[PDB]
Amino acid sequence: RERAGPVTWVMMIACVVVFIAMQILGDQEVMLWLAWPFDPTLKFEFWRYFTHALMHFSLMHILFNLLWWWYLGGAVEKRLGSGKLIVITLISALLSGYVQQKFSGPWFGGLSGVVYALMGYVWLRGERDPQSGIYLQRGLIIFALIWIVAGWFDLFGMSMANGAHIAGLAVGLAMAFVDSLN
């Protein structure tokens, strides 16, 4: 029946709640709370290393990010368990946010770094370890490649955190490689 397990579900709820807060309070008021630490005095507010992934600035990217999260996140949770999804999510949110702030500073957000990690993870784990029962469909490979391309060449309305995305993708591929060593 239900495709989305507890972790898949709770992330989606978190993103919706944060999105609603941003419409009520405005993007900036919520960023000040949830953004990657933008000053040394904030460096021990440990939630900020992750909560950047919960903010979205447009209707299109929250929808697309949550669609991919629901599908890939959902597939990982179902087949490999809630723990595996939690770890891919925390590690990719941390390292994608690191790389992004490093090159472009701290004013960014969105779940797409995590989504790209899931794309990479599901693809490579499926390739190298098909008995895992996970697999990235050809159609979704094509979809993801175009979305990446669109990001890189600024084809959306909006300024893109290409650091976070590509770093996300590298994290997912790395974790899948390690997970399938055997």
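Counting begins at 1, following the sequence as shown.
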Given 33 to 41 and 124 to 132, the range whose Cα B-factors average higher in the PDB entry: 124 to 132
Stretch with the greater mean C-alpha B-factor as recorded in the entry, comparing 46 to 54 against 151 to 159: 151 to 159
Relative C-alpha B-factor of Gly105, binned into the chain's lowest, middle or highest third: highest
For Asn65, the third of its chain into which the C-alpha B factor falls: lowest
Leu181 - Cα temperature factor, lowest/middle/highest third of chain: highest
Chain-wide C-alpha B factor ranking for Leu25, given as lowest, middle or highest third: highest
Chain third (lowest, middle, highest) by recorded CA B-factor, residue given as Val99: highest
